[PDB]
Ligand SMILES: Cc1noc(C)c1-c1ccc2c(c1)[C@](O)(c1ccccc1)CC2
Ligand code: NA
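Numbering (the authors' numbering), first residue to last: 42 to 168.
And the structure:
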């Protein structure tokens, strides 16, 4: 069995910026989720080999994780906040698609998602 390459975190020709919203996504949103007791499964790509989940990347065709998001934010990879928000939502939705309601991993994603939603509610106006 084999893992796919991780999502892209570097691409010189891609348009990218720093915005105050993107700075908030790193300093508030990512920092908050990353320190959470339930962050650990989401801090790097799902290792389908190590976890013995050979169907994972047959089912999940747009993988995403906070390690990837962290690198994208640190590398100023994004053009806007929406792109980054989409990555978090992809991460959570993948977990719900693959797993079943009430699984520990799903409970963990729910806790992180609740906090995500509370933080992005206070996303600053772009300035
Ligand atoms: C994120 C994620 N999304 O689907 C799976 C499976 C995972 C995943 C990623 C990493 C790990 C586990 C599950 C793991 O099987 C697990 C199981 C129950 C609770 C926490 C982590 C061990 C490490
Ligand atoms: Na994923």
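Where a beta carbon is used, it is the ideal one built from N, C-alpha and C, also for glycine.
Distance cut-off 7 Å: residue i Cβ against heavy atoms of ligand 2
i	result
residue 104	yes
residue 132	yes
residue 135	yes
residue 87	yes
Closest by C-alpha distance to residue i, when choosing among the options
i	options	result
residue 103	55, 128, 69	128
residue 45	58, 87, 57, 76	87
residue 100	78, 67, 131, 138	138
residue 51	116, 164, 144, 132	116
residue 77	155, 163, 165	155
residue 149	161, 132, 163, 162	132
Check: residue i C-beta below 7 Å from any heavy atom of ligand 1
i	result
residue 157	no
Same chain only: Cβ atoms within 8 Å of residue i, ignoring 5 sequence neighbours per side
i	result
residue 71	107, 110, 111, 114
residue 63	114, 117, 119, 121, 122, 125
Cβ neighbours of residue i in the same chain (closer than 6 Å, five flanking residues each side left out)
i	result
residue 48	109
Three-pair Cβ contact test at 8 Å for the region 115-129 versus the region 76-90: These segments do not touch.
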